[PDB]
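A.B. asks: Using only what follows, build the 3D model:
(one chain, ligands or ions: 1)
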Amino acid sequence: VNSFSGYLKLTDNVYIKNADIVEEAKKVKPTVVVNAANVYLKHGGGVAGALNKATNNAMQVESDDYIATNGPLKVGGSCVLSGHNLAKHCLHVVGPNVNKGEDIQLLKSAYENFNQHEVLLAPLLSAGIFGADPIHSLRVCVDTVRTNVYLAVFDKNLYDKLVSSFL
Ligand SMILES: O=S(=O)(Nc1nncs1)c1ccccc1
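C.D. replies: Residues are numbered from 1 along each chain as shown. Find the structure here:
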């Protein structure tokens, strides 16, 4: 038993909710919250901008030190950093950005990072400002992640479409 509440069960291991990932993280304090990161860990907008704002910019300060030491992530890659006030850890995962021309086949590689963590609270990867077909993102998630993933989907209309169209 875990602390996640109000989720629809899609599969043995994938759960979905019409909830604010920021508000959900603040309520649950999960072991891992996933950020929809870019390779520079520049948390300007979308999920990343919202998570970073909720940390009072501490996520960005930590991330700038990480990049100054290690250089950029790979598209499809990840790093584990602090979860600050939101979670124990933040798994920063880089899905491909369609609005930058990145290979959508890298979405499966992105979701494979989730398998290193037993339980995660996560954004549908490459949805919102990343612009990938979202329905597609949920299918890759279900077909790739084997650990227990709680997908907080804040956009309501989209939530209802994801549920209604789910095979
Ligand atoms: O793309 S979002 O930034 N995803 C997020 N989920 N939780 C917090 S932000 C977003 C923000 C506002 C409305 C709809 C979507």
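A.B. asks: So which bits of the chain are right by the ligand?
C.D. replies: Applying C-beta under 6 Å from any ligand atom, we find that the chain lies next to the ligand at 20, 21, 22, 46, 47, 50, 123, 128, 154, 155. Where you see a C-beta, it was placed from the backbone N, CA and C, and this is true even at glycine.
A.B. asks: Going by neighbour count, which of the residues you listed are buried?
C.D. replies: Those of the residues of the chain next to the ligand that meet the buried threshold are 21, 22, 46, 47, 50, 123, 128, 154, by 16 or more other C-beta atoms under 10 Å.
A.B. asks: Just name the closest of those to residue 160, please.
C.D. replies: Taking C-beta to C-beta as the measure, residue 160 lies nearest residue 154 of these, at 12.6 Å.
A.B. asks: Mark which of the residues of the chain next to the ligand are part of helices, please.
C.D. replies: Residues of the residues of the chain next to the ligand located in helices (DSSP state H): 21, 22, 46, 47, 50.
A.B. asks: Which two of those residues have the greatest separation?
C.D. replies: Among those, 22 and 46 lie farthest apart (C-beta to C-beta), at 11.7 Å.
A.B. asks: Could you export the lengthiest helix in the chain as CSV, CA atoms only?
C.D. replies: When the chain is parsed with DSSP H, its longest helix is helix 58-70. Taking Å, rounded to 0.1, in the frame of the first residue of the first chain, the C-alpha atoms of helix 58-70 are listed here in CSV:
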residue,chain,number,x,y,z
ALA,A,58,16.4,25.8,-5.7
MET,A,59,15.9,23.1,-8.4
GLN,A,60,17.4,25.5,-11.0
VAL,A,61,20.4,26.4,-8.7
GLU,A,62,21.1,22.7,-8.1
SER,A,63,20.7,21.9,-11.8
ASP,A,64,23.1,24.7,-12.9
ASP,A,65,25.8,23.2,-10.6
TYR,A,66,25.1,19.7,-12.1
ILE,A,67,25.5,21.0,-15.7
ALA,A,68,28.6,23.0,-14.8
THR,A,69,30.2,19.7,-13.5
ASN,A,70,28.8,17.1,-15.9
